[PDB]
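Trainee: Please see the structure below; I have some questions.
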Amino acid sequence: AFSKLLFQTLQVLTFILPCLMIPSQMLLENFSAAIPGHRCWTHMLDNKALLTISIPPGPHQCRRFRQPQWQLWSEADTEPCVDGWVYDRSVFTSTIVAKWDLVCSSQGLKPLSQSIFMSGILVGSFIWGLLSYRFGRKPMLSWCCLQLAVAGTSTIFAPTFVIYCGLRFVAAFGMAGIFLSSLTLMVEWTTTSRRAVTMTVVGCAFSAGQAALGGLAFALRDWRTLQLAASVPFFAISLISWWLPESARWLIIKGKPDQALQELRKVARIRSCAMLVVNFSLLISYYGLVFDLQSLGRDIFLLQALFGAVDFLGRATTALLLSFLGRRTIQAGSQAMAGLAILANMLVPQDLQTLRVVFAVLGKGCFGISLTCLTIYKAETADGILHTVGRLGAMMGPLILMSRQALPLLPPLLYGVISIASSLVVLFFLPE
Ligand SMILES: C[C@]12CC[C@H](OS(=O)(=O)O)CC1=CC[C@@H]1[C@@H]2CC[C@]2(C)C(=O)CC[C@@H]12
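In case it helps, PDB author numbering puts the sequence shown at residues 2 to 7, 16 to 56, 67 to 77, 82 to 95, 105 to 302, 345 to 454, 463 to 514.
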């Protein structure tokens, strides 16, 4: 009935801005932490032929000859870089991976930074939920926008990796409160019919945001400038999040009808197990793909933009596909297709870059088709549990990438096989 009792155009807009800058802040470490060509610092090179004698074949990116082989050997003439590394600055002027030597034995620290962020989202989305009964949606949006801004601008002045990772947890903690408050305010200040559409617009804004990261990165190579450009813009959103009025529904349930009466006046003046397995799988493979842009194709800038774009195309195709097929076949088929695409990429040769990029973009699009279909199917307690499982999956997606050291193919094989397995679960244990 509250839909009946019930500024929407303006509100969604005051929200397109945070939604356009959120993907940049989550998927920033694909460009700020990119891995540049690295080699051992050798006395013969930093104090073309000199490269060979100083550094063995693989130029190996982790070890160097103790004594130069003017003979050009045994693995015994190799020593780990005791003196450090010399990173290439041709493509990436500055990356965190170069600042805190996140290479070789530490190559897993980059995927962990991306999972500390994701955990910071889970722990945050949980806490902000508890504090939701006590504090309002608008104050929480405004604070969480400032928290993200302060912490995000602050990371540029972080002296050690621990502090960087810690200040990315705080930024993610804040972003969780932004996701919650934004969605909750928009849903609750619109009638139930327009609830869907509004969500489609928010989803499109996120897709444009992913695309825009590729562009922002193409312009701002320095990691410090990229972090400021993806964090500072939040201070403004915090100041422009004041006009948005507090959720009337919250006020009434809270107990304050007089305050609720004022805002409305102003606006006017203006199965479970199968589901969990699918939601975990989609997001443990999605996040794996979106956090591993460099392993997919060599051009990361094009790839991020294309990923953001293939989401819009997918949304639009989804409808026609659903016009003929069903919410179950589409989901399973799309998931299977995404897994197959991830498997194809690992197999496709490095030389054929266009093919590798095409398969990755097909994978991202297909994950988008499955995540759209799942949402419709999901709604048609449980939602909260699923989201908690989905967030856990997104925190174990960037973590499987830590295993690349041991088995390079482990990451793509796991994303592929898990996706294909969920495809079967959707097909057998989900109705229409
Ligand atoms: C799933 C996706 C789009 C991709 C984003 O991935 S990201 O990490 O690059 O921001 C995350 C993201 C966050 C919110 C999601 C959105 C897709 C559309 C969703 C499911 C709705 O209808 C309501 C909430 C929306």
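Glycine is no exception: its CB is placed at the ideal position from the N, C-alpha and C atoms.
1) Based on the DSSP secondary-structure assignment, which residues constitute the bridge partners of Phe88?
2) Short check: CB of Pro494 to CB of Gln146, under 7 Å?
3) Is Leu376 near ligand 1, judged by its Cβ being under 6 Å from some heavy atom?
4) Using CA coordinates, which residue listed in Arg401, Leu436, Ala488 and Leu489 is at the minimum distance from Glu454?
5) Assuming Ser33 contacts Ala208 under a Cβ cut-off of 8 Å, what Cβ separation, rounded to an integer in Å, is found between them?
6) Give me the Cβ distance between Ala406 and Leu509, rounded to the nearest whole Å; I'm assuming they're in contact under 8 Å.
7) Considering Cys447, what are the terminal residues of the alpha helix (DSSP H) in which it resides?
8) Could you tell me the alpha carbon to alpha carbon distance between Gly235 and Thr463, rounded to whole angstroms?
9) So, at 6 Å on beta carbons, what are the nonlocal neighbours of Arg253 in its own chain, with the 5 sequence-adjacent residues on each side left out?
10) At what residues does the alpha helix (DSSP H) containing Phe375 begin and finish?
11) Please list, in chain order, all residues of the same chain as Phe16 whose beta carbon is under 6 Å from its beta carbon, the five residues on each side excluded.
12) Considering just the uninterrupted stretch of the alpha helix (DSSP H) at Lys142, what are its terminal residues?
13) Whole angstroms are fine: how far does the CA of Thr110 sit from the CA of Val233?
14) Assuming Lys288 is part of the alpha helix (DSSP H), what are its boundary residues?
15) Between which two residues does the alpha helix (DSSP H) containing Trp175 stretch?
16) In this structure, does DSSP put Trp117 in helix, strand or coil?
17) According to the Cβ coordinates, are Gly388 and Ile502 closer than 7 Å?
18) Between the C-alpha atoms of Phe386 and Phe3, what's the straight-line distance to the nearest angstrom?
19) For my contact list, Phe267 and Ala181 are in at a C-beta cut-off of 8 Å; report their separation, rounded to the angstrom.
20) Determine whether the beta carbon atoms of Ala379 and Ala243 lie at a separation below 7 Å.
21) Check whether the Cβ of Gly439 lies closer than 6 Å to any heavy atom of ligand 1, and answer yes or no.
22) My assumption, with CB atoms under 8 Å, is that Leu276 sits in contact with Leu217. Please give the rounded CB distance.
23) Are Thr127 and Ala43 close, meaning C-beta to C-beta below 7 Å?
24) Quick check: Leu134 and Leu144, are their CB atoms within less than 7 Å of each other?
25) Distance check for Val432 and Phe211, CA to CA, integer angstroms please.
26) Shorter than 6 Å, the distance from the beta carbon of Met207 to the closest heavy atom of ligand 1, or not?
27) Between which two residues does the alpha helix (DSSP H) holding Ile44 run?
28) If we ignore side chains and look at the alpha-carbon of each, how far apart do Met484 and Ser122 end up?
29) Would you call the region 465 to 476 and the region 369 to 377 touching, i.e. three or more CB-CB distances under 8 Å?
30) Would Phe398 and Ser214 qualify as a contact pair, given that the criterion is a beta-carbon distance under 7 Å?
31) Taking the C-alpha atoms as reference points, what is the distance between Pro289 and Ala390?
Mentor: Here's the rundown:
1) As computed with DSSP, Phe88 is found in a beta bridge with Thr110.
2) no
3) no
4) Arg401
5) Not confirmed; about 16 Å, so no contact.
6) 4 Å
7) Start and end: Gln427 to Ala453.
8) 23 Å
9) These residues qualify, in order along the chain: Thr125.
10) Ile374 to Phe398
11) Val299 and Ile302
12) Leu141 to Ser164
13) 57 Å
14) Careful: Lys288 lies outside any alpha helix (DSSP H) and carries neither H nor E.
15) That run of the alpha helix (DSSP H) goes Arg169 to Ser186.
16) strand
17) no
18) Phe386 and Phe3: Cα-Cα distance of roughly 32 Å.
19) 5 Å
20) yes
21) No, ligand 1 has no heavy atom inside 6 Å of this Cβ.
22) 6 Å
23) Yes, Cβ-Cβ distance for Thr127 and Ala43 is below 7 Å.
24) no
25) 31 Å
26) no
27) Here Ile44 belongs to no alpha helix (DSSP H), and DSSP marks it neither H nor E.
28) 26 Å
29) Result no; under three Cβ-Cβ pairs closer than 8 Å.
30) no
31) 42 Å
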